[PDB]
Structures are given as structure tokens and as C-alpha cells.
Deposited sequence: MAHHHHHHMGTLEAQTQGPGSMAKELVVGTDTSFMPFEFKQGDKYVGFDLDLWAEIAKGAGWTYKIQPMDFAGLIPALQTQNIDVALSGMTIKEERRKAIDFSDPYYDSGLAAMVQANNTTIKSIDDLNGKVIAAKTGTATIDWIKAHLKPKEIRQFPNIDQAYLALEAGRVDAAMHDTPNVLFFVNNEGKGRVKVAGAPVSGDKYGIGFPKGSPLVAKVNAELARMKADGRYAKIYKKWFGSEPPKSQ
């Protein structure tokens, strides 16, 4: 069967448009899992908020989106074993001298991405003036650059990647990231693909293929 793989519209460096083509850590990881299992697939780019619902209705067979493993989400969907250790970070304009930690975001206007774990975390741990929601994180960062929000928050590696590439000298990380999150590949509840994905991934980890893909995107070794 030709698998339909839901993939995030834009989540650098996991999935993102480069020229005409989508590339990234999730794409390379999944290509290598698919190859070893003997599966053919097509990807279907879509905004993050649609992926969990598409898994619940069996409209996609797999979701790739640096998807944070959460016990609440396990109620609705199934996860692979973790393949990445992540967290959350605050971004502010290069300009900004007022926001020194994540605690300084109380009372401020924070840009964030609709449907992601970032919103849940803010609601659980901060008392902001406003959470301004954007379907895609690119617009969150634009709203920050334009001075319409005090800060943006999102997954650490996405924030760090923006700050070092497209956002170099316009935005920066404020404070320290909060760590402890893990990513999994998402599947419909009860999917039979899970056990084989797990086995391929344990192999890739044990035999260096995981490390080569990691080194490509993150430069060091090991939503």
C-alpha cells in the first residue's frame, strides 16, 4: 500500500521548503525507515493543526512534524519510540533589553503557532497578556520582527535555527530553553505500522544511520 504521510507545511529543520522540494531531518529519517521496511509513500504537506485530526479519521497513515509525545495525545493517536530530545525557547527582537528569562513573558504578548504544544505550555506555566496565534510559525516570527508582539515561543531547535539563519541579527533567544520534551512519528490509533517503524529506528540508532542523519542537520553528533 502507498502510504500517505502528512507532513508539516513548515518546521525547520525537520520539514521545510527548499526551492521546489521539501527537505529536512524528519524527511531523511522517514525515507530511511521506509526504505528498510520496503514501503512506498507520498508526502502531503499540511498545517500542523490538521495532522492529529487527519490521523484520527485515518485520512493520513503517518504524521511527520517533530510531534511532541504527550500522554493526552496518546488518547487519540499512537506514537513511535522517541527519535529526538527537544524543548521550548523564547525569541525576542535583537533590540530587546527587557525580557531576560521566560518568566519575563508574564504580562506580555507572545506569538505562537495554533494547535501546537507551545500554547498548552504557555497556558500551564505563564500568565501572558495575550497569546497571538498563527497557523504557521513563520508568521509568528514575522509579527515579532515587525514589532507587533513582545516575543515568540516555539520548539528550541526551530527557534535556534531561525536565529542562526534567516533571523541572524534581527532576533535572538531570550533566557534559557526549557528542555525535557521528546518527538515521535504519529500514527492512527491501533496502526500496525508502529511496531515495524520502531524496529527500523532501533536499527538505525544501533548502526550509525541515525547519527549520520543527525550530524547532517544538527552539525554535532548526538510541536
{"query": "Deposited residues without C-alpha coordinates, grouped into stretches that follow sequence order", "finding": "1-23, 246-248"}
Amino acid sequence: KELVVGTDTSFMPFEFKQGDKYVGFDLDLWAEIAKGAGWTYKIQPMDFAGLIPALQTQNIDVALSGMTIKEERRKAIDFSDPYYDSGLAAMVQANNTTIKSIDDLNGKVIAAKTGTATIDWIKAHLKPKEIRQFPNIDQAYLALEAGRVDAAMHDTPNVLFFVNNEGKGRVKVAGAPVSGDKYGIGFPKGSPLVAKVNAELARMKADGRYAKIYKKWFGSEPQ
From here on, numbers count along this sequence of modelled residues.
item	value
Between the two ranges 169-177 and 155-163, the one averaging a larger CA B factor in the entry	169-177
Average Cα temperature factor in the PDB entry - higher stretch of 4-12, 213-221	213-221
Largest Cα B-factor, entry values, listed residues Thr114, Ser80, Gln93, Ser86	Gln93
For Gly38, the third of its chain into which the C-alpha B factor falls	highest
